[PDB]
Amino acid sequence: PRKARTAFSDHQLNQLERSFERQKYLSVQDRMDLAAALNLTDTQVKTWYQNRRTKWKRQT
DNA sequence: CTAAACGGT
DNA sequence: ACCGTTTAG
Ligand code: NA
């Protein structure tokens with residue numbers, strides 16, 4: 232029973248990506264604040280940031 | 001494409 | 001929490 236696949240708002244993405252630009256890795260508090268600000272789960276943001284780095288690493 | 005899962009660090 | 005790799009909405 233898979234977790235239901237998230238669909239991010241344009242705005243969410245936008246602000247995520249903005250975060251990722253500023254900082255490629257977030258403290259736990261930073262993660263939490265962001266999650267709140269975007270009305271996402273810690274885990275939502277966490278996984279997002281991972282796959283994001285994962286893609287980043289595909290450029291570097 | 002990419003969010004989520006898996007298993008080992 | 002993360003990585004790398006893989007699974008699947
Ligand atoms: Na680090």
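For the first sequence, UniProt numbering gives the first residue as 232, with consecutive numbering after it.
For each residue, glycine too, the CB sits at the ideal point set by N, CA and C.
| Asked | Found |
| --- | --- |
| Supposed close pair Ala266, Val276 - CB separation, criterion 8 Å | 5 Å |
| Sequence-distant residues of its chain with Cβ nearer than 8 Å to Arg262 (five each side left out) | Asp273, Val276, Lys277 and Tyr280 |
| Beta-carbon gap between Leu269 and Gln246 smaller than 7 Å | yes |
| Local Cβ density within 10 Å of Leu244, reported as buried at 16 or more and exposed below that | exposed |
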